[PDB]
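The data block below is final.cif; it holds mmCIF, C-alpha atoms.
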data_target
loop_
_atom_site.group_PDB
_atom_site.id
_atom_site.type_symbol
_atom_site.label_atom_id
_atom_site.label_comp_id
_atom_site.auth_asym_id
_atom_site.auth_seq_id
_atom_site.Cartn_x
_atom_site.Cartn_y
_atom_site.Cartn_z
ATOM 1 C CA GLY A 1 -104.833 -50.529 29.618
ATOM 2 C CA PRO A 2 -101.502 -50.284 27.851
ATOM 3 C CA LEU A 3 -102.692 -49.723 24.293
ATOM 4 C CA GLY A 4 -103.867 -46.443 22.698
ATOM 5 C CA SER A 5 -106.824 -44.706 24.382
ATOM 6 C CA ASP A 6 -109.022 -44.933 21.319
ATOM 7 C CA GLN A 7 -108.679 -48.744 21.107
ATOM 8 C CA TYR A 8 -110.883 -49.278 24.166
ATOM 9 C CA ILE A 9 -114.678 -49.590 24.096
ATOM 10 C CA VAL A 10 -117.351 -49.622 26.776
ATOM 11 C CA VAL A 11 -120.256 -51.973 26.024
ATOM 12 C CA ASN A 12 -123.522 -51.346 27.969
ATOM 13 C CA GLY A 13 -126.742 -53.387 28.130
ATOM 14 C CA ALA A 14 -125.191 -56.879 28.378
ATOM 15 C CA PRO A 15 -126.705 -59.631 30.567
ATOM 16 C CA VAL A 16 -126.757 -59.442 34.372
ATOM 17 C CA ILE A 17 -125.853 -63.018 35.300
ATOM 18 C CA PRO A 18 -123.939 -64.978 37.952
ATOM 19 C CA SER A 19 -120.264 -64.345 37.199
ATOM 20 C CA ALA A 20 -119.715 -68.126 37.112
ATOM 21 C CA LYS A 21 -121.203 -67.699 33.625
ATOM 22 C CA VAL A 22 -118.712 -65.010 32.468
ATOM 23 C CA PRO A 23 -116.453 -67.344 30.490
ATOM 24 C CA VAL A 24 -119.422 -68.399 28.359
ATOM 25 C CA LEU A 25 -120.639 -64.842 27.817
ATOM 26 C CA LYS A 26 -117.082 -63.633 27.222
ATOM 27 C CA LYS A 27 -116.445 -66.180 24.468
ATOM 28 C CA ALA A 28 -119.857 -65.510 22.952
ATOM 29 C CA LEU A 29 -119.339 -61.731 22.808
ATOM 30 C CA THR A 30 -115.690 -62.112 21.740
ATOM 31 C CA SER A 31 -116.775 -64.431 18.919
ATOM 32 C CA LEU A 32 -119.466 -61.978 17.782
ATOM 33 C CA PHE A 33 -117.281 -58.868 17.971
ATOM 34 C CA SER A 34 -114.404 -60.659 16.195
ATOM 35 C CA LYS A 35 -116.516 -60.664 13.040
ATOM 36 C CA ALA A 36 -115.997 -56.871 12.871
ATOM 37 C CA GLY A 37 -112.606 -56.274 14.480
ATOM 38 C CA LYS A 38 -109.828 -57.726 16.596
ATOM 39 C CA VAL A 39 -110.540 -58.193 20.283
ATOM 40 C CA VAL A 40 -107.406 -58.378 22.444
ATOM 41 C CA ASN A 41 -109.093 -58.541 25.884
ATOM 42 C CA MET A 42 -112.522 -58.237 27.473
ATOM 43 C CA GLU A 43 -113.353 -57.581 31.142
ATOM 44 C CA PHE A 44 -116.674 -57.651 33.076
ATOM 45 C CA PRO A 45 -117.014 -55.630 36.303
ATOM 46 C CA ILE A 46 -118.742 -57.738 39.003
ATOM 47 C CA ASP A 47 -121.010 -56.670 41.869
ATOM 48 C CA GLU A 48 -119.139 -58.186 44.790
ATOM 49 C CA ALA A 49 -122.164 -58.557 47.064
ATOM 50 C CA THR A 50 -124.204 -60.683 44.651
ATOM 51 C CA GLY A 51 -121.427 -62.101 42.470
ATOM 52 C CA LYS A 52 -123.328 -60.917 39.377
ATOM 53 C CA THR A 53 -122.112 -59.080 36.300
ATOM 54 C CA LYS A 54 -123.157 -55.439 36.232
ATOM 55 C CA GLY A 55 -124.171 -55.590 32.579
ATOM 56 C CA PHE A 56 -121.326 -53.539 31.083
ATOM 57 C CA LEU A 57 -117.834 -54.501 29.996
ATOM 58 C CA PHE A 58 -114.586 -52.969 28.810
ATOM 59 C CA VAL A 59 -113.036 -54.211 25.566
ATOM 60 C CA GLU A 60 -109.471 -53.739 24.415
ATOM 61 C CA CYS A 61 -109.258 -53.859 20.616
ATOM 62 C CA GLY A 62 -106.334 -54.448 18.229
ATOM 63 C CA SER A 63 -106.324 -50.877 16.860
ATOM 64 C CA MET A 64 -108.423 -47.726 16.737
ATOM 65 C CA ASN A 65 -109.861 -48.939 13.432
ATOM 66 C CA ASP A 66 -110.868 -52.280 14.987
ATOM 67 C CA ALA A 67 -112.654 -50.392 17.808
ATOM 68 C CA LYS A 68 -114.454 -48.153 15.334
ATOM 69 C CA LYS A 69 -115.614 -51.129 13.249
ATOM 70 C CA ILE A 70 -116.882 -52.970 16.333
ATOM 71 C CA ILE A 71 -118.826 -49.907 17.531
ATOM 72 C CA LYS A 72 -120.325 -49.424 14.061
ATOM 73 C CA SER A 73 -121.410 -53.046 13.723
ATOM 74 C CA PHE A 74 -122.909 -53.524 17.187
ATOM 75 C CA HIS A 75 -123.987 -50.178 18.634
ATOM 76 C CA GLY A 76 -127.754 -50.082 19.281
ATOM 77 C CA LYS A 77 -128.284 -53.699 18.156
ATOM 78 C CA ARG A 78 -130.277 -56.368 19.975
ATOM 79 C CA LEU A 79 -128.069 -59.075 21.461
ATOM 80 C CA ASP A 80 -131.234 -61.167 21.992
ATOM 81 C CA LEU A 81 -134.933 -60.488 22.752
ATOM 82 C CA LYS A 82 -134.109 -59.115 26.239
ATOM 83 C CA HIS A 83 -130.877 -57.152 25.720
ATOM 84 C CA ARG A 84 -129.741 -54.362 23.425
ATOM 85 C CA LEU A 85 -126.111 -53.203 23.391
ATOM 86 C CA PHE A 86 -124.734 -49.643 23.389
ATOM 87 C CA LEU A 87 -121.039 -49.184 22.578
ATOM 88 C CA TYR A 88 -118.828 -46.118 23.023
ATOM 89 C CA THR A 89 -115.149 -45.260 22.756
ATOM 90 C CA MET A 90 -113.658 -45.294 26.230
ATOM 91 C CA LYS A 91 -111.060 -42.529 25.737
ATOM 92 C CA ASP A 92 -113.005 -39.672 27.372
ATOM 93 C CA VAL A 93 -113.971 -41.893 30.292
ATOM 94 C CA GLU A 94 -110.320 -42.931 30.745
ATOM 95 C CA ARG A 95 -109.267 -39.257 30.705
ATOM 96 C CA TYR A 96 -112.116 -38.150 33.032
ATOM 97 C CA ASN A 97 -110.522 -40.612 35.421
ATOM 98 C CA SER A 98 -106.937 -39.387 34.809
ATOM 99 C CA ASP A 99 -107.066 -35.694 33.689
#

When written as structure tokens, how does the structure in this file appear?
Amino acid sequence: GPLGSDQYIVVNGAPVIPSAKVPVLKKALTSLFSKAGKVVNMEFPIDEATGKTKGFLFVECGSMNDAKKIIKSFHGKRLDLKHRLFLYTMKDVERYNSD
């Protein structure tokens, strides 16, 4: 994305659902994460064959500090009784792709 590398987060462990349901999940996760920091955009990779989410997503935050606060608040926490989320800064993954 076009913002600073350390403003992006990868979230793992989210629901695997028909992607018809992404807008609902997106607003739910955006609403939750917004309690800790500013979310600018959120994107869910989809398995083309099944049309399902893959269970991870990439989040663009309003600043490095917003990303850090989101990771701190949500990393390792249960989303519900079936899912637990794991959040990391995306910078090294971005650079592994581009270095």

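Minimum atom-to-atom distance to residue A:3, evaluated using all atoms listed in the file, belongs to A:59 out of A:59, A:46, A:20, A:32.
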
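You can rank A:70, A:90, A:11, A:61 by their closest distance to residue A:40 using only C-alpha atoms, and at the top of that list sits A:61.
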
remark   = Using only C-alpha atoms, the residue out of A:58, A:18, A:77, A:4 with shortest distance to residue A:30 is A:58

task = Can you turn the PyMOL selection byres ((chain A and resi 60) around 9) into a concrete residue list for this file, as a VMD selection string?
result = chain A and resid 1 3 7 to 9 38 to 43 58 to 59 61 to 63 67

Would you mind exporting C-alpha atoms of the selected residues as a PDB file, in the frame of the given file?
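Everything below was put into part_29.pdb:
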ATOM      1  CA  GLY A   1    -104.833 -50.529  29.618  1.00  0.00           C
ATOM      2  CA  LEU A   3    -102.692 -49.723  24.293  1.00  0.00           C
ATOM      3  CA  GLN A   7    -108.679 -48.744  21.107  1.00  0.00           C
ATOM      4  CA  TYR A   8    -110.883 -49.278  24.166  1.00  0.00           C
ATOM      5  CA  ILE A   9    -114.678 -49.590  24.096  1.00  0.00           C
ATOM      6  CA  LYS A  38    -109.828 -57.726  16.596  1.00  0.00           C
ATOM      7  CA  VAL A  39    -110.540 -58.193  20.283  1.00  0.00           C
ATOM      8  CA  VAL A  40    -107.406 -58.378  22.444  1.00  0.00           C
ATOM      9  CA  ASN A  41    -109.093 -58.541  25.884  1.00  0.00           C
ATOM     10  CA  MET A  42    -112.522 -58.237  27.473  1.00  0.00           C
ATOM     11  CA  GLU A  43    -113.353 -57.581  31.142  1.00  0.00           C
ATOM     12  CA  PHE A  58    -114.586 -52.969  28.810  1.00  0.00           C
ATOM     13  CA  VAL A  59    -113.036 -54.211  25.566  1.00  0.00           C
ATOM     14  CA  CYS A  61    -109.258 -53.859  20.616  1.00  0.00           C
ATOM     15  CA  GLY A  62    -106.334 -54.448  18.229  1.00  0.00           C
ATOM     16  CA  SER A  63    -106.324 -50.877  16.860  1.00  0.00           C
ATOM     17  CA  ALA A  67    -112.654 -50.392  17.808  1.00  0.00           C
TER      18      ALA A  67
END

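For the pair atom CA of residue A:14 and atom CA of residue A:66, the interatomic distance is 20.1 Å.
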
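Reported to one decimal place, the separation of atom CA of residue A:5 from atom CA of residue A:98 is 11.7 Å.
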
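Picture a line from atom CA of residue A:25 to atom CA of residue A:69; it runs 20.6 Å.
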
message = List the spatial neighbours of residue A:44 as a ChimeraX atom specification - criterion: any atom at most 7 Å away, only C-alpha atoms, same-chain residues fewer than 6 positions off excluded.
response = /A:53,56-58

Writing out the chosen residues with C-alpha atoms as a CSV table (one decimal), keeping the file's coordinate frame:
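Wrote part-v2.csv, looks like this:
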chain,number,residue,atom,x,y,z
A,53,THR,CA,-122.1,-59.1,36.3
A,56,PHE,CA,-121.3,-53.5,31.1
A,57,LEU,CA,-117.8,-54.5,30.0
A,58,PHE,CA,-114.6,-53.0,28.8

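Using all atoms listed in the file, the smallest distance between any of A:19, A:89, A:50, A:97 and residue A:75 comes from A:89.
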
request  = Spell out the residues picked by the PyMOL selection byres ((chain A and resi 74) around 8) here, as a ChimeraX atom specification.
outcome  = /A:33,70-73,75-77,85-87

Where's the centre, and what are the edge lengths in Å to one decimal, of a box along x, y and z enclosing all listed atoms of stretch 4-9 of chain A padded 3 Å per side, as AutoDock Vina command-line options?
--center_x -109.3 --center_y -47.1 --center_z 22.7 --size_x 16.8 --size_y 10.9 --size_z 9.3

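Minimum atom-to-atom distances from A:64, A:15, A:36, A:28 to residue A:91 were compared using only C-alpha atoms, and the lowest value belongs to A:64.
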
message = Measuring between all atoms listed in the file, which one of A:16, A:65, A:10, A:22 shows the shortest distance to residue A:37?
response = A:65
